[PDB]
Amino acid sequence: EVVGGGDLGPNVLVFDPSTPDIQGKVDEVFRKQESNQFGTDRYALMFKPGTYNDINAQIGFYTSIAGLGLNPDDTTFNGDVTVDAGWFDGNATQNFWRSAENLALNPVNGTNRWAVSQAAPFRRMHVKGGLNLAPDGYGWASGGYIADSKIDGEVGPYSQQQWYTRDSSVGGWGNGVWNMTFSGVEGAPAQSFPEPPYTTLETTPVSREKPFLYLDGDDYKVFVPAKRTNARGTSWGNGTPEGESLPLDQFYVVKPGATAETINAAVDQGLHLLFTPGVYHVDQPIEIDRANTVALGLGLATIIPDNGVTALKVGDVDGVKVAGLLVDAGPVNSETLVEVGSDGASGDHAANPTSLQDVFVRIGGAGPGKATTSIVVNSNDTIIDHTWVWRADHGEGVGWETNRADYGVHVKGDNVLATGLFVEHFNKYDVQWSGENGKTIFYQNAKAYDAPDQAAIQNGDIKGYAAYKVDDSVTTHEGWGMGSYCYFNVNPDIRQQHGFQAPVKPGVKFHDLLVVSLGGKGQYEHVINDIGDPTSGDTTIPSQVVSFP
């Protein structure tokens, strides 16, 4: 019944080197999207292989930009892919929900500026120059994520609080502020936490590059990279990348108007899913219960579950690849927003795991939204490679009860790996880990700002809920480069007992932990459990623990 392939729709703007007035067209999109933080418009900018001149592609909200070559250098800009913070007067901490992928950049002054905060991935890029991650003026910034990229020159974070880079090559790295973490990065600074705060791993235990749309001659296909174990450096640096190409006609091209019934029928009939840029309400969960199904979003394609349903349920199958989607809570509380595997799921998926990549979750902000637990990861061996799970702290429909969301991520599966984990503002535990042999490389949290009083976050005999909790029953766990920040601005007398909570066991280990009070608005009593100094003063100095236990 469901037909594969077809037109990508009016929200995918496709350019070729002969297209007239590319700069004008990209500027038109930017003018509309620059300060459109919570609007429903969505755009994907796609560039056919070739060389583009005189281009400064400024990237606003809900805008993806990418090349369509098999390799990044197939699509080269003499010019820039720019994010700056002019619209927010130099403050980059709301520069969300945008992306760059699969381009080579020759920046006009020798340095490309990508001054982003959360949910702004930078993947499979070749920067023939330096990369500045800070807004002009060096104002506030809270990114960030680079994967599978080569920066010929220096990456300069400047004011960036923290950053995660994996499986990349850099010519240099300028500085660290609170938490700069690296895994598999050629050219990374050596391990040196706490000063500078560099957490450096020689390899990434497992990684699998995100699938992406490209052109094979004149035919659209999706490239599906093969997994790497103990990954280091780029996947494409040595020519022909390992992987499979799926023709576009094997994808159901989802466009505004599609129902979950039709989307589900497509997967049952053997089609993959390509979500064109838009906002999709569903009255029942999208169910992906076929092995190796790709569900790929363009232009920050967004799913809103109506009637309190779960937005996305992946079955107990190998190799599902969910990529580039925003799940946006409806005002009716959803018990869960995303489920990976069934409750009690018991099989292994080690050779061909399921992954979530550039999957973002929002609760509130564009109107009231509620969910009890945002992502539940049941399936063993699942890879979570860049997520931002965010209870809104600002916008419309925000409040301690108005956009209540108790739990961010709950990992129940075994051998689950999170690389680039960003989870913020939940009323209770932002992350809870119940499964065995979990690993997290890079964590960024901020606690809820709007707790009205101490009683509101009382957790048995503990003040507050950890940002990252490993259940007492767990035997093996390991985390690297992890920070939790507080800003109790509604009630700055509040105390948060710790950022992290875990059993004290030989196989449960942490490296380079920190907690930070932002401007003395509340304080931490400890870093992890009852260990580590409290934060003090109003000067935003981190409290650190190098090794636990």
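From 1 onward, residues are counted along the sequence shown. We call the rigid core the largest set of C-alpha positions that still match within 1.5 Å between the two forms.
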item	value
Greatest C-alpha divergence in 7 other deposited structures of this protein once each structure is fitted on the rigid core, 235-243 or 405-413	235-243
23-31 set against 487-495, stretch whose average Cα temperature factor tops the other in the entry	23-31
Of 357-365 and 215-223, the one with larger mean CA B-factor	215-223
Top Cα B factor in the deposited entry, candidates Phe251, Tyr429, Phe422, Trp433	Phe251
Maximum C-alpha temperature factor, selected from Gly347, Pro121, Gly479, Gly324	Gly347
Where the record places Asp318 (Cα B-factor, split into thirds across the chain)	middle
CA B-factor ranking of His394, expressed as a third of its chain	middle
Assigned third (lowest, middle, highest) for the C-alpha B factor of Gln37	middle
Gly50 by Cα B-factor - lowest, middle or highest third of the modelled chain	highest
Chain third (lowest, middle, highest) by recorded CA B-factor, residue given as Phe442	lowest
